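Inspection log for the structure reproduced underneath, given as structure tokens.
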Amino acid sequence: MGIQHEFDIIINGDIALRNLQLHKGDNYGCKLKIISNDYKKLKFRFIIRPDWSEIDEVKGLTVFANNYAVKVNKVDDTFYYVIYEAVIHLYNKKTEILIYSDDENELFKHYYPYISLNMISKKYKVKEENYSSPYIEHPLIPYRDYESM
């Protein structure tokens with residue numbers, strides 16, 4: 012049993028995408044398909060609980076939306092949790108968001124989950140679990156203070 016981080020993403024304080032971590036490995040990420048007519052923008056909070064048993068530092072996150080670079084802000088950085096935020100603006104009905112620590116060696120193809128969030132029909136679903144076991148919670152139940160938005 013190698014490196015086991017935990018990785019969650021909260022959207023709009025309403026939707027929690029929990030348990031997104033890779034089953035093992037020093038990386039964490041998610042691919043999102045957003046379908047929308049009405050949302051001008053989505054607020055994201057990306058929560059990492061790092062496994063410090065082997066690492067020297069906690070990898071940060073890169074975010075692209077339809078392959079345009081998105082501003083990412085680190086808002087907490089502690090031993091037990093490292094938290095990032097972004098507010099992503101939607102310019103097309105369909106937007107692919109790539110969130111990751113690293114994007115190499117088929118991580119998106121075989122490892123990171125792929126989740127669809129249809130904001131029109133309000134249908135939130137896992138398209139591919141790959142090497143993770145996502146749990147989509149809606150409405151979100153805040154189990155930690157840093158989960159509520």
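So the sequence shown is residues 12 to 160, counted in the working numbering. All C-beta atoms in this analysis are idealised placements derived from N, C-alpha and C, irrespective of residue type, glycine included.
Item                                                                                                                                                                    : Value
Considering just the uninterrupted stretch of the beta strand (DSSP E) at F55, what are its terminal residues?                                                          : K52 to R60
Relative to the alpha-carbon of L151, which residue among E115, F18 and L28 has its alpha-carbon at the smallest distance?                                              : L28
Which runs of the alpha helix (DSSP H) at least 4 residues long sit entirely within the segment 76-147? Give them in chain order.                                       : 118-121
By DSSP's criteria, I66 is part of a beta bridge. Which residues make up the other side?                                                                                : Answer by DSSP bridge pairing: none, since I66 is not bridged.
Would you kindly report the start and end of the unbroken beta strand (DSSP E) that includes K44?                                                                       : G40 to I46
Tell me the DSSP secondary structure of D156 in three-state form.                                                                                                       : helix
Out of curiosity, what's the CA-to-CA distance linking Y122 and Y142?                                                                                                   : 4 Å
Provide the residue(s) that pair with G36 in DSSP beta bridges, ordered along the chain.                                                                                : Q15
Can you tell me the Cα-Cα spacing of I94 and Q32, whole angstroms?                                                                                                      : 14 Å
Helix, strand or coil: how does DSSP classify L28 here?                                                                                                                 : strand
Going by the CB atoms, is the gap between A97 and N78 shorter than 9 Å?                                                                                                 : no
Excluding the five sequence neighbours on either side, which residues of its own chain have a C-beta within less than 6 Å of the C-beta of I108, listed in chain order? : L43 and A76
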